[PDB]
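Notes follow once the structure below has been shown.
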Amino acid sequence: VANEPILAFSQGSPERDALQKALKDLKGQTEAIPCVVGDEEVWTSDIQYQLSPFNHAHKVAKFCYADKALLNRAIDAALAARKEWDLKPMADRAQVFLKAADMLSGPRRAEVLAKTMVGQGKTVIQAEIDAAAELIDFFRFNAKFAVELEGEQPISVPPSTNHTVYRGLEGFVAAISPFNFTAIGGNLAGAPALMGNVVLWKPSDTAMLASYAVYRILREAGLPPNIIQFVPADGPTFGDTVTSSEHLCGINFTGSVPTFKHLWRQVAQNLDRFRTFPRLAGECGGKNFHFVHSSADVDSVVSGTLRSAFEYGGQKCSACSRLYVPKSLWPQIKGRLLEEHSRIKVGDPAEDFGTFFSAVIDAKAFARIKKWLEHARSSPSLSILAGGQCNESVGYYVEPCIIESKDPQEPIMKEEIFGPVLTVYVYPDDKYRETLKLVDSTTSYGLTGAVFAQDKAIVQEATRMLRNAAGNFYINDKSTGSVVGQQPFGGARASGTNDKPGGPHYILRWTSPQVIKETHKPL
Amino acid sequence: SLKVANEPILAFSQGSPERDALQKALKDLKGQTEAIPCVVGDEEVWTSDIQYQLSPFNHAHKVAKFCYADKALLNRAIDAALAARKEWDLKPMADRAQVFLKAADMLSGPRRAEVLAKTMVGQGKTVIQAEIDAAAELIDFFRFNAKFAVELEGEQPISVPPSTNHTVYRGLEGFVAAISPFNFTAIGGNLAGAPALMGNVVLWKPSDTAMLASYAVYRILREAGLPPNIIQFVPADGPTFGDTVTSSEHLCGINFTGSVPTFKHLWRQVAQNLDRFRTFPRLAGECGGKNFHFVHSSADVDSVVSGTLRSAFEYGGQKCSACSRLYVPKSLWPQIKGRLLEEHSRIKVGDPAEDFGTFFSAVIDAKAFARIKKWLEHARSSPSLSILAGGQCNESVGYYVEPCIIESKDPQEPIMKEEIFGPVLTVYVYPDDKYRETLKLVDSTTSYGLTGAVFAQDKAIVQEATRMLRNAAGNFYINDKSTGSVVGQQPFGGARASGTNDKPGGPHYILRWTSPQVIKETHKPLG
Ligand SMILES: O=C(O)[C@H]1C[C@H](O)CN1
Ligand SMILES: O=C(O)[C@H]1C[C@H](O)CN1
Ligand SMILES: O=C(O)[C@H]1C[C@H](O)CN1
Ligand SMILES: O=C(O)[C@H]1C[C@H](O)CN1
C-alpha cells in the first residue's frame, strides 16, 4: 500500500464540487445518532447534543449516553461474537478495512470531510488530512502490517513444526477517542478489531457526527455485528463500567494525562476481578517546541510555526506552543510573525474556504483558553504581542495569540492549553546550549519538537540533547502533521505509552500470540 | 544482519570432555561456600543483612553467603545507573549486542561446566536440566536477542521527498528493575540482559535460591565487556526491593518472572505512584500456570506416558510449564494407569551431583517442601482424591519429595486448580463420549493460560481441540510434552493469570524495552 494522495480542492475540481454539495447537504441538519449494539439502534433518555463549534445554534447531532446497563449488554453481546471473529483469517478481517478505506477515498470522502468540518470546526484542508488521508492510511497500512505479521513465524526443526497464531486478546477492548481527529477514533476502535478483538467504542461527544459516519462505513464495508459497539456515554460512567468488567482486556485511549492515569489506577485496583491483565495504551498530548538556532531559515521558521501553532486552532497533541528564538533573529521573527498574524482569517470554514482556522471545539475549551489569555494579561513575565481577543456569541471564537515570556519556565511554557496560543522565549545567542537544556527540562511532556538550523554540527548536537524531549522530532520542519508509515507517532514522559500508531509495531499491542508445536514422531 | 543458530545440547557421555569438566566443577563446589557481594558499578558492597543459599539436596551445605542491599544501597545503585544510561543508550546497537554474543560464547565453552555445576548444586538440577537451562536456553537468549535487536534497526519508515525519516530505537528513560525466579538460571540472565541490550540500565534482584548461578552469569557479562553501572547486582529482600523501585521517580520498567500475587502487588504499587514517575513504567510479567495434558482415545499411549512423566516430574515439577493435570479417557485408562505406575517405580530421586542416573532431586527450599507436604496431606484426607503412587517426603538431608500421582474424581477439586510447583500430578478420567464437554472443563477449570498439550492421532480431534483450547495455553503442544520450549522455535508465554505474554524467545519481546523516536529531516525550505 501507498499513502492516500492529499487533494488540492482547486476551483472547478471534482472534489471541491463534491465537498460543497456535502456541506450544503449538512448546513441545516441534525442527525439523530443512536447507540448501536449489534445491529440494534438503542435510545436512552440521557439525550445530548453536538454543536457546530463556529455556529453553536446549529445542533449537528442529537445522541444519547449509554447507561451502565446498556454498556454491560454491549459487553456481553460483543464477547459472544469474539471467538468467530478471532478465528477468521487475518486477510478476511483486513478486507473489511481495505474496503472501508476505498469508500472513504472515493464515494464517502466528501461526507466525512464535511461532517468533520461542521461538527469539529475543521477547515477543508484540516478535514482532508484527517478524515480522509490519515484515516484511510491507518486502515490500509494497519491491514498491510497485520497480514505481514502472520508471515513472522518461528524456526521449525524436524520432527516438529512450529506455528505462531496471532490471537486477539481474550475479552473486550474499550476504545476512548478524542474530539480533535476523526482518524484517531477510527484507528483506536479499528486497529484492535482488525487484530481479532471486539470493541466498545465511546466516541468523543464533540466529534459524534463524523465518528458515526466512520462507524457506518465500517458496517457497510462488512464489519459483522457486535465487533465494534457504538456506545456514546458519560466519560466517568464509561470508565467505571469498563474497568469494573471481569472481561476487560484492553483500553485504547487518546486524551488528557489525568484521564489516562485515572483509568490506569482503576484497572490496578480491580486486578483481582479480571480474567487477564488488561493492556493500556494511551497518547496524552504534549507541550511541543520549535527551537530556532541563529543559522535557521527565517521564512521556514515563520511559516512552520504559524501553521503548527494555529492550524485547527492549536487543538493538536503535536501543536507548537513554545518557540525558542535567539536574540539575533528575534527582530526578524517578531516582525514577520506579527505581520502575518494580521493576515490570518478566523471564521466559518464551510462558508469561506479562505479561512485559516475556525472556532475552538466547545464552551469548556473556550473557557480554559480564555483563562490562559487572562493569565497572559496578568503575569509580569508575559506580554501579549498580537491577538488575545475571544468572542463566544456565535461560535467559540478565539483569535490567534502570540505572547512573549521573559521567564522560560513560566506556567504558560509548561502546561498544555490546546488553543491558538503561542509563547515565545528569546534567548541570548551565546547561551544556546543552556537553552537547549531548558527545552528538555522545562515540561513534563515528550511528544513533538522541531529544531530549525542550517548548521550540521548544531543539528547533531541538538538531536542528541533532545533525544527524550520528543518522540517525533523534526529538523527544519514543523512539529505537526505526522504521516502514517512515514512518521509513526507518539512519545514518552507524560505523553503516554508511545505505542507508535502509524508504524508496524502498534498492532502488536492488540494480539496475544500463541505458539503451536506439532511433533510428528513418537516421543 | 547476523547469523545465529540454537546452541547444541551436549550428551555428557562417559569419557567425554564435557562430562569430565562438569565432574571437576562439581568436585570444586562440593565443600565450598562463595561469598557473593552486591555489585554497584565495579564496587563490591556488603551490608549487615547476611543470607545463605542452601543446596536443596544437602541443606547442610551453604553454597553461597550473600547479603540483602539496603534501601540506601538500592538508591545509590539507581543514581549510578542513571548517570551511566545516556552514554550506554547512545552506543550503537551492534556494540551492545557484541557484549551478549561474547558472553554467549563464554557460556558455550570455557564457562559451561561452571554455570551447569552452580545450577546443579545451588538449584538442585540434574545434569540435563542444568544443560538445557544455564547453557542452552541462556546462550540462546543472548544470541537470538542480539540478532533480533540488530535487525530491528533495519525496520525503518518510508521517506518521501523532500524529507528523510529515521527511527531511533531509544532505550527507556529511567531504570528497569529485573526480578527473577529460582527455577531457571536462564530467565534471570534474560530478564536483566534483554533490557540492557536495548540501551537500558538495570537493577537486577536475583532469586535468593539461585544466587550462586546468577552471580556467575553476572560476572560473565562483566568479563564480556558490560560497562559498570549498566546492570547493578543487588540481591535484596523482595518487598524492600519492590517498595524502593516503585517509589523512585526514575522507574521505567519492571521485568518480572514469579508468582501472580507478587506481580499484581508490583502493578498496584506502580499505579499508586503514577504521579511521581517521569514516564509510565512498563510492567512485564510471566506468572506460571496449571498446565494440562489432554489425551484423546486415539493417542499413542507410549508418548503420553513418557511425555507426561517428564513434564510432571523433571526438575521436581518446578517449572511454570510443567504438567500438573492429566485428562485421560476411560477407554485408555487401564493401559495408561498400568504404564504410569510401572514407569513411576523406575524414577530415581537422589543427589544429582553424585549420581548422574538421578531423574530429579530435592525441591528448592523448606517453604516449597512445606507447601507440597500440605498438598500430599490434602490428597490423603479428601474423599475425592486417592494417591496412586508416591506420597512420601523426607527433609532430614535435603528437601526430598517422591513423585506423586493422584487420581481425582472431581475435575474441579482445588488440586486441579492451584499451582503446587512440586512433583504432584493429578489425573482425571473422563468418559470417551464426553470429550467435548471435558475439553470445555480443561479450558474453564483454572485461572491460568500458560502451557498445554493434546495427545491424539485423529486430525479432526486435533483441529477441534486446538480451536477449543485456543486461550487455555499460550504454548500449545500436539503430541509432545508441555515443557521444554526452545528459543526461536517456541517463543514462550501465556495470558489469563499467566502474565502479560511478551513472548521472550521470539522477535517481539525486545520491543517492550525500547521507546522509539522518529526523526523527520526536511531538505527544502518550507513554503
Ligand atoms: O490549515 C489549513 O486549513 C490551511 C489554511 C491556511 O493556509 C494554513 N493551512
Ligand atoms: O498531527 C499529527 O502529527 C498527527 C498525529 C495524530 O494522529 C493526529 N495527527
Ligand atoms: O530431566 C532429566 O535430567 C532427565 C532424566 C530422565 O532421563 C528424564 N530427563
Ligand atoms: O520450560 C520451558 O518451556 C522454558 C520456558 C522458560 O524460559 C523456562 N524453560
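Values quoted throughout were computed directly from the atomic coordinates according to the rules given, and no laboratory measurement underlies them. When we count neighbours, we look across all protein chains shown, and the Cβ atoms used for this are built from the backbone with ideal geometry, even at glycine.
Just tell me how shielded A:270-282 is by partners: mean number of partner chain Cβ atoms within 10 Å of each residue's Cβ, no decimals.
Mean partner-chain Cβ count within 10 Å for A:270-282: 4.
Provide, as a two-decimal number, the C-alpha radius of gyration of chain A over 2.2 N^0.38 Å, N being how many residues it has.
1.00
Given a cut-off of under 8 Å on Cα pairs at least six residues apart, what relative contact order in percent is computed for the range B:288-486?
Here the relative contact order equals 32 percent.
Under a plain spin-label model, where a point goes 7 Å from the Cα along Cα-to-Cβ, how far apart in nm are A:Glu392 and A:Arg273?
Calculated label separation equals 3.6 nm.
Take the alpha-carbon centre of the range A:152-227, take the same for the range B:34-109, and report the distance between them in whole Å.
Going from one Cα centre to the other spans 43 Å.
For every other residue with a beta carbon closer than 12 angstrom to the beta carbon of A:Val301, add +1 if it is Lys or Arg and -1 if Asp or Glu, then tell me the sum.
Taking every other residue near A:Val301 into account, the sum is 0.
Under a crude label model (7 Å from the Cα following the beta-carbon direction), how far is B:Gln98 from B:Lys65 in nanometres?
Distance between the two pseudo-spin positions: 4.0 nm.
Of the listed pairs B:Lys71/B:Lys319; B:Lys24/B:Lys205; A:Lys88/B:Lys459, which have alpha-carbon separations greater than 24 Å here?
On the way: B:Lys71/B:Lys319 31 Å; B:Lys24/B:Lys205 29 Å; A:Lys88/B:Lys459 20 Å.
Cα-Cα > 24 Å for B:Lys71/B:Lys319; B:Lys24/B:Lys205; rest within.
Nearest-5 percent of antiparallel DSSP beta bridges in the protein assembly as shown?
In the protein assembly as shown, DSSP labels about 35 percent of beta bridges as antiparallel.
How much mean residue ellipticity at 222 nm does chain A get from its helices, if each DSSP H run of length 4 or more adds -39500 (n - 2.57) and you divide by all residues, to the nearest 500 deg cm²/dmol?
Helix contribution divided over all residues of chain A: -11500 deg cm²/dmol.
How large is ³J(HN,Hα) for each residue in the range B:484-499, as worked out from phi by the Karplus curve 6.51 cos²θ - 1.76 cosθ + 1.60 (θ = phi - 60°), to whole Hz, x for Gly and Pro?
x, 4, 10, 4, x, 10, 10, x, 10, x, x, 9, 6, 6, 7, x
Starting from the Cα of A:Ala80, step 7 Å along the direction of its Cβ; do the same at B:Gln463; then give the gap between the two resulting points in nm.
According to this spin-label approximation, the distance is 2.7 nm.
Could you tell me which trypsin sites (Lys or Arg not before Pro) in the range A:382-473 are loop residues by DSSP with no more than 12 other beta carbons within 10 angstrom of their beta carbon?
A:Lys406
List the relative contact order of chain B as a percent without decimals, with contacts defined as Cα pairs under 8 Å and 6+ residues apart.
Computed over chain B, the figure is 17 percent.
Arrange the following residues from fewest to most other Cβ atoms within 10 Å of their Cβ: A:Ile6, B:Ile478, A:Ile361.
Taking fewest neighbouring Cβ atoms as first place, the list is A:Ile6, B:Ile478, A:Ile361.
Over the range B:148-261, what is the relative contact order in whole percent, taking alpha-carbon pairs under 8 Å and six or more residues apart?
31 percent
Using a Förster distance of 60 Å, how high is the FRET efficiency between B:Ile347 and A:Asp46, based on the Cβ-Cβ distance and rounded to 0.05?
Computed FRET efficiency for B:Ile347 and A:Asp46: 0.35.
List, in the order given, every pair from A:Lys62/A:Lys202; B:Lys30/B:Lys373; A:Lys456/B:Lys91; A:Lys517/B:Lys348; A:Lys316/A:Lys364 whose Cα-Cα distance in the structure shown is over 23 Å.
As for pairs spanning more than 23 Å Cα to Cα, those are B:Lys30/B:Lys373; A:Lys517/B:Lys348.
Taking the Cβ of A:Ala210 as the centre, find all other residues whose Cβ is under 10 Å away and add up their charges (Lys, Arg: +1; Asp, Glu: -1).
In short, 0.
Can you check what the net charge comes to around A:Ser321, using other residues whose Cβ is under 11 Å from the Cβ of A:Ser321 (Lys, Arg +1; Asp, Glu -1)?
With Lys, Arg at +1 and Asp, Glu at -1, the neighbours total +2.
Can you sort A:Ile344, B:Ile220 by how many other beta carbons sit within 10 Å, fewest first?
Exposure proxy ranking, most exposed first: A:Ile344, B:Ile220.
What's the long-distance tail for the protein assembly as shown, i.e. % of Cα pairs beyond 50 Å?
The answer is 27 percent, as a whole percent.
When the convex hull of the Cα atoms of the range B:288-486 is projected onto a plane and the area is averaged over all directions, what value comes out in nm²?
10.6 nm²
Can you give me the Cα centroid spacing of the range A:476-523 and the range B:368-420 in angstrom?
First find each Cα centre; the distance between them is then 44 Å.
Identify all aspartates and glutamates with a Cα-Cα distance to B:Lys27 below 20 Å; exclude those on the same chain that are fewer than 8 residues away in sequence.
Hits, sequence-local ones excluded: B:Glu18, B:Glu114, B:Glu131, B:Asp351, B:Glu354, B:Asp355.
For B:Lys337, which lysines qualify as cross-link partners when the Cα separation must be under 18 Å and same-chain residues fewer than eight apart are set aside?
Answer for B:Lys337, where 18 Å is the Cα cut-off: B:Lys409, B:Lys481, listed by chain and number.
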